[PDB]
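Next up, coords-v8.txt (compact mmCIF, C-alpha atoms):
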```txt
# COMPACT_ATOMS: atom_id res chain seq x y z
CA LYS A 1 -23.12 -61.09 -3.74
CA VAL A 2 -23.32 -60.64 0.02
CA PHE A 3 -22.40 -57.01 0.84
CA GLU A 4 -20.41 -55.88 3.86
CA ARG A 5 -22.31 -53.17 5.79
CA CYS A 6 -20.43 -50.00 4.85
CA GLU A 7 -19.73 -51.30 1.35
CA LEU A 8 -23.48 -51.40 0.72
CA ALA A 9 -23.98 -47.97 2.38
CA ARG A 10 -21.57 -46.32 -0.08
CA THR A 11 -22.94 -48.33 -3.02
CA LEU A 12 -26.48 -47.16 -2.19
CA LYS A 13 -25.30 -43.55 -1.77
CA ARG A 14 -23.54 -43.54 -5.14
CA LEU A 15 -26.81 -44.80 -6.66
CA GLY A 16 -28.73 -41.76 -5.35
CA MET A 17 -30.57 -43.36 -2.47
CA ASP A 18 -29.69 -40.92 0.29
CA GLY A 19 -32.82 -38.88 0.88
CA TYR A 20 -34.66 -40.37 -2.10
CA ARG A 21 -38.29 -39.33 -1.57
CA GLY A 22 -37.17 -38.32 1.91
CA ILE A 23 -35.78 -41.73 2.86
CA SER A 24 -32.38 -41.69 4.57
CA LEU A 25 -29.61 -44.15 3.77
CA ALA A 26 -29.91 -45.65 7.27
CA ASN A 27 -33.53 -46.56 6.48
CA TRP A 28 -32.55 -48.26 3.22
CA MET A 29 -29.78 -50.13 5.08
CA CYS A 30 -32.13 -51.31 7.81
CA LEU A 31 -34.53 -52.49 5.11
CA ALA A 32 -31.87 -54.44 3.17
CA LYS A 33 -30.47 -55.97 6.35
CA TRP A 34 -33.82 -57.30 7.52
CA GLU A 35 -35.05 -58.24 4.03
CA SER A 36 -31.99 -60.19 2.78
CA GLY A 37 -29.06 -59.75 5.15
CA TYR A 38 -27.50 -57.77 2.28
CA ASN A 39 -27.63 -60.80 -0.07
CA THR A 40 -28.42 -59.92 -3.72
CA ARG A 41 -29.39 -63.53 -4.52
CA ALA A 42 -31.81 -63.91 -1.60
CA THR A 43 -35.15 -65.37 -2.64
CA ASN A 44 -38.31 -66.26 -0.83
CA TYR A 45 -41.17 -68.22 -2.30
CA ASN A 46 -44.66 -67.44 -0.92
CA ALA A 47 -46.79 -70.58 -1.24
CA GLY A 48 -49.85 -68.58 -0.25
CA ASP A 49 -50.15 -66.52 -3.41
CA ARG A 50 -47.47 -68.24 -5.54
CA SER A 51 -45.23 -65.18 -5.76
CA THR A 52 -41.49 -64.82 -5.08
CA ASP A 53 -39.53 -62.03 -3.35
CA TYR A 54 -36.29 -61.24 -5.21
CA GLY A 55 -32.90 -59.89 -4.23
CA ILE A 56 -31.41 -57.51 -1.73
CA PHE A 57 -34.75 -55.68 -1.17
CA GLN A 58 -36.96 -58.77 -1.55
CA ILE A 59 -39.15 -57.18 -4.23
CA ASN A 60 -42.27 -59.22 -5.04
CA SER A 61 -43.03 -60.79 -8.41
CA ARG A 62 -46.79 -60.33 -8.10
CA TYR A 63 -46.50 -56.61 -8.59
CA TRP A 64 -43.00 -55.32 -9.35
CA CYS A 65 -41.00 -57.60 -11.63
CA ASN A 66 -41.86 -60.30 -14.14
CA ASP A 67 -40.83 -63.93 -13.68
CA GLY A 68 -43.50 -65.44 -15.93
CA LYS A 69 -44.64 -68.02 -13.36
CA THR A 70 -46.54 -65.81 -10.89
CA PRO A 71 -50.33 -66.10 -11.45
CA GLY A 72 -52.18 -62.85 -12.22
CA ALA A 73 -49.08 -60.72 -11.82
CA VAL A 74 -48.01 -57.26 -12.99
CA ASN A 75 -44.53 -55.77 -13.52
CA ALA A 76 -44.49 -52.16 -12.22
CA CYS A 77 -40.69 -51.81 -12.39
CA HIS A 78 -40.70 -53.19 -15.97
CA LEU A 79 -37.87 -55.60 -15.23
CA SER A 80 -37.27 -59.31 -15.41
CA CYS A 81 -37.02 -60.59 -11.83
CA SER A 82 -33.63 -61.91 -12.92
CA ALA A 83 -32.42 -58.30 -12.94
CA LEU A 84 -33.08 -58.33 -9.19
CA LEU A 85 -30.56 -61.17 -8.68
CA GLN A 86 -27.46 -59.44 -10.10
CA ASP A 87 -24.40 -58.62 -7.99
CA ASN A 88 -24.76 -55.09 -9.37
CA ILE A 89 -27.71 -53.50 -7.57
CA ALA A 90 -28.40 -50.63 -9.98
CA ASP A 91 -31.55 -52.28 -11.35
CA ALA A 92 -32.82 -53.34 -7.91
CA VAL A 93 -32.27 -49.73 -6.74
CA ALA A 94 -34.18 -48.34 -9.73
CA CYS A 95 -37.04 -50.66 -8.78
CA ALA A 96 -36.86 -49.89 -5.01
CA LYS A 97 -37.15 -46.17 -5.97
CA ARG A 98 -40.19 -47.03 -8.13
CA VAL A 99 -41.78 -48.76 -5.14
CA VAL A 100 -41.38 -45.78 -2.78
CA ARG A 101 -42.71 -43.36 -5.39
CA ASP A 102 -46.13 -44.83 -4.36
CA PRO A 103 -48.20 -43.37 -1.42
CA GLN A 104 -46.82 -45.69 1.25
CA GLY A 105 -43.23 -44.79 0.50
CA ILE A 106 -40.76 -46.89 2.54
CA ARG A 107 -43.74 -48.41 4.37
CA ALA A 108 -44.43 -50.57 1.30
CA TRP A 109 -42.26 -53.24 2.97
CA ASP A 110 -43.87 -54.63 6.10
CA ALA A 111 -40.42 -55.66 7.40
CA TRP A 112 -39.52 -51.94 7.47
CA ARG A 113 -42.59 -51.26 9.65
CA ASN A 114 -41.73 -53.99 12.13
CA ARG A 115 -37.96 -53.58 12.27
CA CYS A 116 -37.01 -50.04 11.22
CA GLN A 117 -39.95 -47.70 11.76
CA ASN A 118 -39.33 -45.53 14.82
CA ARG A 119 -36.13 -47.38 15.62
CA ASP A 120 -32.62 -46.02 16.24
CA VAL A 121 -31.04 -46.93 12.86
CA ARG A 122 -27.82 -44.85 13.21
CA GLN A 123 -25.86 -48.06 13.67
CA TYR A 124 -26.50 -49.01 10.07
CA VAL A 125 -24.47 -46.15 8.66
CA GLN A 126 -22.02 -45.27 11.47
CA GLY A 127 -18.40 -45.31 10.34
CA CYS A 128 -19.24 -45.76 6.62
CA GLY A 129 -18.40 -42.20 5.57
CA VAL A 130 -21.84 -41.54 4.11
```

Structure translated into structure tokens:
Amino acid sequence: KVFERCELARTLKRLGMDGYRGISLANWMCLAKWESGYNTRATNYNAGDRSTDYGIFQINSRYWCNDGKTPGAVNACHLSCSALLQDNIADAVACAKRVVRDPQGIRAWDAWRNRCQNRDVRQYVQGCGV
């Protein structure tokens, strides 16, 4: 499923993401936009370490979800990577929350550092009623 901007903003809010571990909805929106363009079936294979980034948040198979084919991998979110390819983003959100529970927080995603950190992200949630 490819979300419309405000549709995703409200969906994320209803899932308890606003202010989760101090992260605003606009930050989550900026992350999703740059990671997958709001596409829940987005995937990216990384030839370098043979891992795959899954879904709307591009969560990596080497550490967060299990896909069976990633060499020397763990599954911190305790989910099949398939769960990160559903139109319903509840499971992906549960995992994204697990990621930010770590020290780095939202900084766990490099894309957030390059495209959202210290940026004016108001535009991601303006007019969405969140």

Need the neighbours of (-32.8, -50.6, 5.6): which residues are at most 9 Å away, counting only C-alpha atoms, as a short mmCIF file (atom, residue, chain, number, x, y, z; two decimals) with C-alpha atoms, in the coordinates of the input?
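Printed below is selection.cif as written:
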```
data_model
loop_
_atom_site.label_atom_id
_atom_site.label_comp_id
_atom_site.auth_asym_id
_atom_site.auth_seq_id
_atom_site.Cartn_x
_atom_site.Cartn_y
_atom_site.Cartn_z
CA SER A 24 -32.38 -41.69 4.57
CA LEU A 25 -29.61 -44.15 3.77
CA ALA A 26 -29.91 -45.65 7.27
CA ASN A 27 -33.53 -46.56 6.48
CA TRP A 28 -32.55 -48.26 3.22
CA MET A 29 -29.78 -50.13 5.08
CA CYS A 30 -32.13 -51.31 7.81
CA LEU A 31 -34.53 -52.49 5.11
CA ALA A 32 -31.87 -54.44 3.17
CA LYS A 33 -30.47 -55.97 6.35
CA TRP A 34 -33.82 -57.30 7.52
CA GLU A 35 -35.05 -58.24 4.03
CA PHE A 57 -34.75 -55.68 -1.17
CA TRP A 112 -39.52 -51.94 7.47
CA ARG A 115 -37.96 -53.58 12.27
CA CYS A 116 -37.01 -50.04 11.22
CA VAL A 121 -31.04 -46.93 12.86
CA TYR A 124 -26.50 -49.01 10.07
#
```

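Close to (-28.9, -48.9, -10.3), meaning no more than 10 Å away when counting only C-alpha atoms, sit the residues residues 11, 12, 14, 15, 16, 17, 88, 89, 90, 91, 92, 93, 94, 95, 96 and 97 of chain A.
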
Worksheet item: What's the 12 Å shell around residue 45 (chain A), counting all atoms listed in the file, without same-chain residues fewer than 4 positions away, as a list in words?
Response: residues 49, 50, 51, 52, 53, 54, 55, 58, 59, 60, 61, 62, 69 and 70 of chain A

Item to complete: List the neighbours of region 2-5 of chain A out to 9 Å using only C-alpha atoms; skip same-chain residues closer than 4 positions along the sequence, and give me the result as a VMD selection string.
Response: chain A and resid 9 29 33 37 to 41 56 87 124 to 125 128

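Distance-wise, CA of residue 23 (chain A) and CA of residue 44 (chain A) end up 24.9 Å apart.
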
Discussion item. One number please: CA of residue 81 (chain A) to CA of residue 130 (chain A), in Å, one decimal.
Written reply: 29.1 Å

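Using all atoms listed in the file, the protein and nucleic acid residues lying no more than 10 Å from residue 107 (chain A), apart from those fewer than 6 places from it along its own chain, are residues 99, 100, 113, 114, 116 and 117 of chain A.
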
Go ahead and write the residues just picked, C-alpha atoms, as a PDB file, keeping the file's coordinate frame.
```
ATOM      1  CA  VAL A  99     -41.780 -48.760  -5.140  1.00  0.00           C
ATOM      2  CA  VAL A 100     -41.380 -45.780  -2.780  1.00  0.00           C
ATOM      3  CA  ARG A 113     -42.590 -51.260   9.650  1.00  0.00           C
ATOM      4  CA  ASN A 114     -41.730 -53.990  12.130  1.00  0.00           C
ATOM      5  CA  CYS A 116     -37.010 -50.040  11.220  1.00  0.00           C
ATOM      6  CA  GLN A 117     -39.950 -47.700  11.760  1.00  0.00           C
TER       7      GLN A 117
END
```

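Proximity ranking of A:21, A:6, A:119, A:68 relative to residue 104 (chain A) places A:21 first, based on all atoms listed in the file.
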
Practice prompt. For CA of residue 83 (chain A) and CA of residue 48 (chain A), determine how far apart the two atoms are, in Å to one decimal place.
Written response: 23.9 Å

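Of the listed residues (A:103, A:66, A:122, A:22), A:66 comes nearest to residue 82 (chain A); the distances count only C-alpha atoms.
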